[PDB]
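K.L.:
Following my numbering, the numbering of the sequence shown begins with 16 at its first residue and continues without gaps.
Note that the Cβ used here is the ideal one computed from N, Cα and C, for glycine as well.
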Amino acid sequence: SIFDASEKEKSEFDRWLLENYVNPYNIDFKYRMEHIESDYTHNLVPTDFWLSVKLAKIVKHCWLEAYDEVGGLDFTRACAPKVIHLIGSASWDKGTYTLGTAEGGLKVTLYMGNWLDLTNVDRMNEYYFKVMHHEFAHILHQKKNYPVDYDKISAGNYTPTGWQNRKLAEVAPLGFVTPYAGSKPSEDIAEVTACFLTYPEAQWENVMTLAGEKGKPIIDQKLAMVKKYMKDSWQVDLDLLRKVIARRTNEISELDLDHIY
């Protein structure tokens, strides 16, 4: 098959990963199955090499370079995971990621296969980027705590257990951008940040519509506070970062996805 990689191709990709992930960001990006150790399901399939190359370039273009463009290299490094693993999967139906620890920080595993439509922005965000931005935001919060007043905004409406039994139409009027944002304040602020960065305008507005007269002002207040936090603590303009991410994810088909160098 025209899908198996030679040793030369794999060493060329290793070289590219050293130069584009390890050196600038201290991220270990792993695609070789022999170096990955995890639990598995009957969905496990061999990790597709040329698809791993495409994803390494898409991930760098749409997250790592976006963060660099708006916040600088130091910001990007401050919330980066330590390890990214790609593992092959037969479909998207058993979930598309897991999270763990490695070398003292975050490990992100992405499950992939050619069921992926790489240029479909809604699907890439749904499977991968939304959760990623959420976790990066959480690392930011650990290093520089967010304002304690955020927690008061929706005090009384959190469900730390049982969050999953409330749908969007129920939680939005209470000022929660997703059901999961309604669990605990620390998840709420990570969700506001991740939704704001990844939702196209129409999707964000739809949440505001479902929020109605009660919830809109609550979401507005949370978002203003997040914007202010990203500005004061990280010198990042969050609206600009949202726009830069959108510009970049629309540029995917302009990337040179069929070659390593």
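#1: Classify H57 as helix, strand or coil using the three-state DSSP reduction.
#2: Within the same chain, show all residues whose beta-carbon is closer than 7 Å to that of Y40, passing over the 5 residues directly before and after it, in chain order.
#3: Should the segment 135-152 be called in touch with the segment 221-235, which here means at least 3 C-beta pairs below 8 Å?
#4: Should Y126 go down as buried or exposed, given a rule of 16 or more other Cβ atoms within 10 Å for buried?
#5: With H, G and I counted as helix, E and B as strand and the rest as coil, what does DSSP make of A184?
#6: Could you please give the first and the last residue of the uninterrupted alpha helix (DSSP H) stretch that includes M48?
#7: Would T116 and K109 be called neighbours here (beta carbons separated by less than 8 Å)?
#8: Only counting runs of 4 or more residues, tell me where the alpha helix (DSSP H) segments fall wholly within the segment 123-170, in order along the chain.
#9: DSSP three-state call for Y82: helix, strand or coil?
#10: Check whether the Cβ atoms of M223 and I233 sit closer than 8 Å, and answer yes or no.
#11: Contact between the segment 209-223 and the segment 45-58: three or more CB pairs below 8 Å?
#12: Pull up the distance between the alpha-carbon of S169 and that of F28, whole angstroms please.
#13: Over the uninterrupted alpha helix (DSSP H) stretch that includes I99, give me the two end residues.
#14: So, does the segment 150-157 touch the segment 171-187, judging by three or more C-beta pairs under 8 Å?
#15: Tell me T116's beta-bridge partners as DSSP assigns them.
P.N.:
Based on what the coordinates show:
#1: Looking at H57 - three-state DSSP - the assignment turns out to be coil, as it is neither helix nor strand.
#2: Short of 7 Å from the beta carbon of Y40, and not among the five residues preceding or following it, lie these beta carbons of its own chain, in chain order: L79, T91, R92 and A95.
#3: As far as the Cβ criterion goes, the segment 135-152 does not touch the segment 221-235, which means the pair count is below three.
#4: Buried, because 16 or more other Cβ atoms sit within 10 Å of the Cβ of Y126.
#5: Of the three classes helix, strand and coil, the one that applies to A184 here is helix, per DSSP.
#6: First-last for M48: undefined, no H or E at that position.
#7: With contacts defined by Cβ atoms closer than 8 Å, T116 and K109 do not form a contacting pair.
#8: Entirely contained in the segment 123-170, the alpha helix (DSSP H) runs reaching 4 residues are, in chain order, 136-139, 145-158 and 165-168.
#9: Helix at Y82.
#10: Cβ distance not < 8 Å, so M223 and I233 don't count as in contact.
#11: Look at the beta carbons and you see the segment 209-223 not touching the segment 45-58: under three pairs across the two are nearer than 8 Å.
#12: Distance from the CA atom of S169 to the CA atom of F28, rounded to whole angstroms, is 47 Å.
#13: In this chain, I99 is not harboured by any alpha helix (DSSP H); it is covered by the beta strand (DSSP E) spanning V98 to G103.
#14: No contact exists between the segment 150-157 and the segment 171-187.
#15: For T116, which the question treats as bridged, DSSP gives the partners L121.
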